[PDB]
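The sequence shown begins at 29 in the working numbering and counts up by one. The structure under discussion appears below in the form of structure tokens.
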Amino acid sequence: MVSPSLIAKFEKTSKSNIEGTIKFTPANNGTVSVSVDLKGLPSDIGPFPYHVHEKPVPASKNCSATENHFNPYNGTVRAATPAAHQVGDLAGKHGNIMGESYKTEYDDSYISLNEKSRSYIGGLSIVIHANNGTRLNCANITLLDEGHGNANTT
Ligand SMILES: [Cu+]
């Protein structure tokens, strides 16, 4: 069995010009490949922490309603090795988003695409913050492909 790929789609509105995607695809050796492709960032208030948060973005697009970080193993915001960070603290482990546009690829060995895992991130959300913590934009983590099953194509 292999678990399905996920995506978070950020859209531009009157609240934020940030738009683009963060894709999560199963990779080699027990890791998930993360692909960040964002533009429209308000650079001078960055760099921009971003994290997996615990609740969905509601229809209102209120990023506060995503509540706190996904942290099933009670990690710490400051850490000296990647595994000591919260599972959801992508920026702490891999770097803050920065610039007006940001494109990067990396592996994360703590998030999970397997819905039976305590580290599963499906159905959660991602929030992008200004450096001072203000929530700028957010997106739900949803399935990437439309068609699944061992007898299907997409
Ligand atoms: Cu966050």
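Ideal Cβ positions, reconstructed from N, Cα and C, are used throughout, including at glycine.
Judged by pairs of C-beta atoms under 8 Å, the segment 95 to 102 does not touch the segment 45 to 62, as fewer than three such pairs exist.
Of all residues, those with a beta-carbon under 5 Å from at least one heavy atom of ligand 1 are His79 and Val155, reported in chain order.
Apart from the 5 residues on each side of it in sequence, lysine 40 sits with its Cβ closer than 8 Å to the Cβ of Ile46, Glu47 and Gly68 in its chain, given in chain order. Three or more Cβ pairs closer than 8 Å define a contact, and the segment 120 to 139 meets that threshold against the segment 64 to 79.
Contact between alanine 107 and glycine 120 holds: CB atoms are separated by about 7 Å, below the 8 Å threshold.
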